[PDB]
Amino acid sequence: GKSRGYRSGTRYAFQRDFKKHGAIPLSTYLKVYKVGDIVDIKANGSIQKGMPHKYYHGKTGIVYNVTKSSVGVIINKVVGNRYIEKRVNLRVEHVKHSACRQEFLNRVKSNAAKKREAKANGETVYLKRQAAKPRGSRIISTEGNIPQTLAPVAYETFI
Amino acid sequence: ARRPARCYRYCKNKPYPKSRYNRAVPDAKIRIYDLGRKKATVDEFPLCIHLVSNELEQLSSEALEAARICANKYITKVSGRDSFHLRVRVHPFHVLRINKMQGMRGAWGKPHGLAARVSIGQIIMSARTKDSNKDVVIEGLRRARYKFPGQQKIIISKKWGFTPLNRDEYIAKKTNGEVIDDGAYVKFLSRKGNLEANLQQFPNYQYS
Amino acid sequence: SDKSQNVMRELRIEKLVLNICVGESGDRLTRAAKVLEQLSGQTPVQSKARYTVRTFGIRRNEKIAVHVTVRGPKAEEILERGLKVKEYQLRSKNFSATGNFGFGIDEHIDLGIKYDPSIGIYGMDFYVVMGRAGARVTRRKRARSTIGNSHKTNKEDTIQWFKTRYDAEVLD
Amino acid sequence: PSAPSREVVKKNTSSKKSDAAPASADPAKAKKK
Amino acid sequence: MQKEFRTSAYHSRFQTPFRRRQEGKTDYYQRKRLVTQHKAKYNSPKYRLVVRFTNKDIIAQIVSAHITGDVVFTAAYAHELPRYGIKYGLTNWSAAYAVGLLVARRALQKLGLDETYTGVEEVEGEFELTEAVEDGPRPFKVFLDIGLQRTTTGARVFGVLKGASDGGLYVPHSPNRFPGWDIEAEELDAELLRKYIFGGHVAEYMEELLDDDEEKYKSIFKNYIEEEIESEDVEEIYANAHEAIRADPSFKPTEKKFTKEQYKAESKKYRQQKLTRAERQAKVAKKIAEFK
RNA sequence: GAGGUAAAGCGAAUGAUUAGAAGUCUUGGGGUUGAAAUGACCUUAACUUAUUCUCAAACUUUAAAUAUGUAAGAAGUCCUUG
RNA sequence: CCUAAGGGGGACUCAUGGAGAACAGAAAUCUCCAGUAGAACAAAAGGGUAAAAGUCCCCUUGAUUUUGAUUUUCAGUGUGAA
RNA sequence: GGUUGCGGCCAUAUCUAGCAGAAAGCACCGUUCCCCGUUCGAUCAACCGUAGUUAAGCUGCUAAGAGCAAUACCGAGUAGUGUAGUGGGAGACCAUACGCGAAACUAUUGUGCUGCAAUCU
C-alpha cells in the first residue's frame with residue numbers, strides 16, 4: 001500500500017535545527033512584508049498553522065497579499081510542459097526576506113552614484129559587471145624563494 | 001543447509017542488521033574475538049602483524065570462526081598459548097537472506113546467516129606478540145588466509161602492539177613518562193584539563 | 001568578606017510536615033485527618049495513591065494518606081513535643097545529605113492529646129525542612145535561581161544545630 | 001470540615017506498576033537468621 | 001553505583017534557553033502575543049505599558065518593540081513622586097495610581113494630546129475607558145504588560161492601569177481586577193476603589209493601629225510621625241499630587257553630582273581584569289614546577 | 001536560498017557490539033572467619049569510572065559532488081506631493 | 001475515539017536517580033536535591049511541544065452563520081483533507 | 001564603567017568548583033488591618049522602607065576546568081563525487097584524464113556583544 005499524505009517524506013525537512021527547538025525569536029514577528037517583496041519559504045515544524053506544503057519548502061517567490069498573520073506568495077511550478085502560478089498562504093514564521101534583493105538594490109544605488117559623478121567629471125564609467133578574466137603577466141622574484149625540487153615518494157604501508 | 005559461500009560473496013545489498021524490524025535472526029558462529037594472552041601488557045608484545053583485506057567483500061561468520069580457530073590452534077601448538085594475543089577485527093553484523101528456505105511471488109527471504117562487510121585495506125585479524133615469534137605468527141595467519149575468500153595480505157605493522165604509535169614514538173612517550181598501563185592497553189598523557197589530576201596520574205612526566 | 005558568622009546564615013526551621021499513611025480510605029483516614037487537624041489546628045490534605053499495588057491493598061487514585069504542613073512557632077512547638085516522645089535522642093542516620101531530619105512516633109497519644117476509643121491510635125511521621133534566609137530565591141516566580149554552596153544546608157551543620165538548640169544527642 | 005486533596009503533578013496516565021519495583025532486588029530482611 | 005549525570009555529552013547537547021528566559025525575566029509566550037502586530041499595519045508599532053515593581057520602586061514605561069531592541073517612548077518612576085508631594089509609601093497601590101497618572105500625562109504631553117484627552121479629572125472610582133473625540137485624533141492606545149506578575153483582583157499593577165486610564169491614555173481593560181470588585185455580584189464598588197486611589201486603606205491602617213498597638217504604629221509609620229502626617233490628611237497628599245502631576249508632568253532628570261567620565265573612572269577601579277594568556281601560562285608553569 | 005544522499009561518527013544522542021583495568025556492593029551469591037555480632041576477608045557475577053575492537057535502509061552532531069528555487073532594472077531607481 | 005481528549009485563561013513541571021521519615025519492606029505516603037525531557041500529548045509511525053502543546057484548576061460552545069479565494073492528490077476535474 | 005527596567009542576537013552567554021564586590025541599584029529582609037490566595041502569608045496578595053544583611057541571589061575574576069565558538073602549510077587535496085575512454089582486471093573492484101571536494105582528527109585562540117530609557121562615589 002502506497003501512502004501519499006500531505007506531509008509524507010518530510011521527516012528531516014520539517015525538523016528543527018539541532019539545539020534550536022522551542023520558541024521562535026521575535027525578530028521573525030517584527031519583520032515587515034510588502035506586496036512585491038521576494039521571500040524565501042522554509043517551513044518551521046513547530047508552527048503547524050499556515051504551514052507550506054513540502055513542495056514550497058526551499059522555494060522563493062513574490063508576496064502578493066498581506067493578512068493579519070500571513071503573506072500570500074506567488075510560486076511558479078512546473079506541471080508538465082509549462083509553469084503554473086501557485087498562490088500559497090503562509091504564516092510569517094515560514095517566511096524570510098530573500099537576501100538577493102538587498103545585494104541587487106545596492107548595485108542599483110552604486111551604479112546611480114557612479115554615473116552621476118562621471119557626469120560631474122565629464123568622463124565615462126562602465127557599470128556592467130564582468131566575469132573573471134585571465135590574469136596578466138607578472139614577474140616572480142626568487143630572493144629567499146629559490147625553487148625547491150619535489151619528487152614522488154616511494155610506497156609505504158602505515159598500518 | 002548452507003549454500004556455497006559464492007552465493008553471498010559480494011556487498012550487493014544495503015547493510016541489513018538486527019533491529020526492531022528484523023528480529024528472528026540467528027547468532028553469529030564467531031563469539032570469541034580475543035585469543036591468546038589477552039591480558040598481557042602493552043610492553044610485553046611489541047610486534048603487531050595484521051591480516052589485511054585486498055577486497056571489497058563479505059566474509060561469513062563461519063569463515064571468521066574457522067580462520068580464528070586455525071590461527072589459534074597453529075600458534076598455540078608451535079609457540080604456546082601465552083606467546084601472543086590474537087584479535088579478530090571484523091564483526092558480522094550484516095544478515096544474509098534465503099528465499100527457498102510461488103516462484104518469485106512474495107520472494108522476500110528469511111534470515112539465513114551473518115556476514116561482515118570488509119573493504120580494501122581493512123584489517124581482519126591482528127596478532128600482537130614478541131619479535132622472536134614473528135615467523136610463527138605469520139604462519140598462523142597465512143593458514144587462516146585459506147579459510148577466507150578473496151585476497152588477503154599479511155602485513156607487519158610499523159606500530160607498537162595494538163597502539164596507534166610507531167615503535168619509536170611509543171618508546172619516546174614511554175621514557176618521557178607519558179604512558180601508563182591500563183591492563184592490556186595503556187593511557188596516554190594529555191596536556192588538557194585539570195593540571196593536578198594530570199600530574200597525579202602520570203607522576204614520571206618530565207615536563208618540558 | 002564572606003563571613004561564616006553572618007546574621008543571615010542562621011539555620012532555622014522552614015516547615016514541619018506531619019504524615020500519616022493509613023493504608024486505606026474511609027473512616028480510618030477521616031479519623032487520621034481529625035487527629036492531624038487536632039494536633040496542628042489546620043485542615044490537612046488527603047493524598048491519593050499514585051498507582052495500584054495488590055500487596056499493599058491500595059489502588060490508583062484511592063485516598064490513602066493525609067498530611068499537613070506547619071510553619072513558624074507552631075512548627076517548633078510540635079517538633080519539641082515530638083522530641084519529648086523521642087526523649088531527645090535521634091540517630092546520625094536521621095539527617096539527610098541536604099540538611100533535613102525526621103523521626104516517627106508510633107502512638108499519637110504520647111504527644112499529649114486526649115485519647116478517644118472511637119478515634120483509636122495512629123502513628124505519625126515528623127519531618128523538618130531546614131533552611132537559612134534567602135530560600136525565597138529558589139521559590140519565587142521571577143528571577144528564580146539556586147542557592148550558593150556555602151549557603152546550603154548539609155547534614156553536619158543540621159546535626160550540630162540540633163544538638164545545640166535542643167541539648168539532645170545524635171546517636172552515631 | 002474541609003477536604004482538600006493533594007493534586008496530581010505526574011504525567012503517568014497508565015494505571016500499572018511503577019518503575020524499579022522488582023523482587024530479588026531487596027536484601028535479606030531475615031539475614032540474622 | 002549510579003551513573004554520573006553531568007557528562008560531557010550532557011553539556012554538548014544541552015540547548016540553553018533564551019538569555020532573558022534563563023534570567024527568569026521575560027515570558028516570551030506573552031511577549032510574542034503582546035508585541036506582534038497585524039501584518040497589514042506594516043510599520044505601525046504596538047505600544048506596551050510595561051509595569052514592574054521592585055522592593056523600593058515602581059517602574060512604568062511606554063515601549064514599542066523593534067528588531068534592535070525595545071524603544072522607550074516615555075517613562076515614569078515612583079522615585080519621581082517626591083517631586084510631586086508623595087514622599088513615603090512609594091509602592092502603595094496609590095503610589096501605583098500616581099505613577100500611572102504621571103506616565104499617562106507625560107506621554108500625552110510628548111504627543112500633544114493634552115487639551116484633548118484630559119482624562120478623568122474628578123476621580124470617583126468609576127470604571128471608564130478613554131473615549132475618542134469625534135472629528136479628532138484617536139486617543140493614544142497602550143496595552144498593559146504586567147510581565148511575570150500574577151493577575152489578582154486588588155494587585156498594584158492594575159493601580160497603574162487605573163491611573164493611566166484616568167490620565168487620558170486609552171488602555172483596554174475590565175474592572176474585575178480592581179480593588180472593590182464583587183465577584184459574586186459582578187459590579188464594582190467604586191467607593192472602595194476611590195478609597196484605594198487616595199490611600200484610604202493605608203489611612204485606615206494608621207487609624208486602626210494607633211489605638212490598638214502604638215509601639216508597632218511607631219515603627220511602621222515612623223516617617224508619618226516625624227512628618228506630622230495623620231490619617232485625616234493622608235488623602236490630600238495624593239489629592240494634591242494628582243493636581244500637581246497634571247500641572248507639570250514633564251520629566252526633570254536628577255542633576256548629576258558627577259559626569260559620565262567621572263562615574264566610569266571611579267567604577268573602573270573596582271573591576272578585576274582578565275589575565276593575559278602569558279600570565280596564566282606562567283601560572284601553569286609555576287604550578288607544574290612546584291609539583292616537581 | 002533550500003536539501004540530509006555519498007562520505008563520516010560512535011572515548012557524540014538512540015540502537016547493536018569485543019576485551020581487559022581500577023573502584024563500590026551499602027541494595028548478589030558460594031567459601032572461610034565467629035560458641036552469636038552483617039561488621040571483615042578469597043572468589044565470580046553485577047554495577048560505576050576512565051579506556052578498548054567493530055557497526056546501522058527504516059541511527060546521528062557534521063556533511064559533499066551532481067541535480068534544484070530566486071535575482072541580475074525602463075513594468076527600474078530617486079525627488080516632490082494627489 | 002472525544003462535551004472534552006474542542007476553545008480561552010491561569011498555576012505548575014515531567015521520566016528517573018540519590019539522600020532522608022512509625023508500621024513501611026524492591027513497590028504505599030511525606031521531604032529535599034539532581035533532573036534538555038531520558039515523560040506525556042486517544043489510537044500507526046514520523047515530526048512538534050517546558051513559566052507548554054504536557055499535568056491540574058476556572059469559564060465556556062468558534063465542533064456556530066453567509067458565501068468566495070487558495071494548497072495537496074490534480075485533467076490543475078470531482079471527493080476527502082487543510 | 002557599575003546597576004536597574006524593557007529588549008535584539010540566543011552558550012564566546014551554559015555547567016562545575018573556588019574568590020572578590022566601593023557607590024547606587026537589585027536583592028534577601030520585616031508585618032498581616034486592608035484587596036487577594038493557600039493544608040501552610042512558604043508561593044501569590046497587600047502594608048512598612050521602618051528593625052537588619054551582603055550570607056545567598058546578582059556581577060566580575062580564577063581553572064594546562066567540562067561544554068561551546070572561531071581559525072588553520074592540521075588531517076587532506078584524503079574520503080566521496082560530476083564527466084571520459086574499444087583503460088586494467090575472470091570477477092570483486094582499481095588506475096588514469098578534465099573538474100568539484102568533506103567529516104572525524106590535530107593545533108591554536110577566545111569565553112558574550114549590544115539597543116532604548118533611567119540612575120550612580
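Lettering of chains follows the sequences in order, A, B, ..., and the numbering in each one begins at 1.
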With [N] and [M], is there a Watson-Crick or G-U wobble pair, both distances less than 3.5 Å?
N	M	result
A22(F)	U48(F)	yes
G6(G)	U65(G)	no
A46(F)	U24(F)	yes

Would you mind pulling out the nucleotide paired to [N], Watson-Crick or G-U wobble, both distances under 3.5 Å?
N	result
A63(H)	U16(H)
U32(F)	none
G38(G)	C14(G)
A24(H)	none
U80(F)	none

Salt-bridge present (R9(B), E57(B); N to O < 4.0 Å) |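 Salt bridge between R9(B) and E57(B), a charged N being under 4.0 Å from a carboxylate O: yes.
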Between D27(E) and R21(E), is there a salt bridge with N-O shorter than 4.0 Å?
->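 The answer is no: the pair does not qualify as a salt bridge.
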May I ask you to verify whether the side chain of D34(B) and the base of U18(F) hold a donor-acceptor pair under 3.5 Å?
->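 Not at all, since no donor on one side and acceptor on the other fall under 3.5 Å apart.
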Heavy atoms under 4.0 Å, any strand shown: does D212(E) hit a base, just sugar-phosphate, or nothing?
->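 Contact class for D212(E): none.
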Flag if over 12 foreign heavy atoms under 6.0 Å of NZ, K109(A) =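 12 or below, so no.
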Give a yes/no answer on whether the side chain of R136(C) brings an N or O atom under 4.0 Å of OP1 or OP2 in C28(H).
->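 Yes.
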Could you tell me which groove, major or minor, holds a base atom under 5.0 Å from a side-chain heavy atom of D182(B)?
-> minor
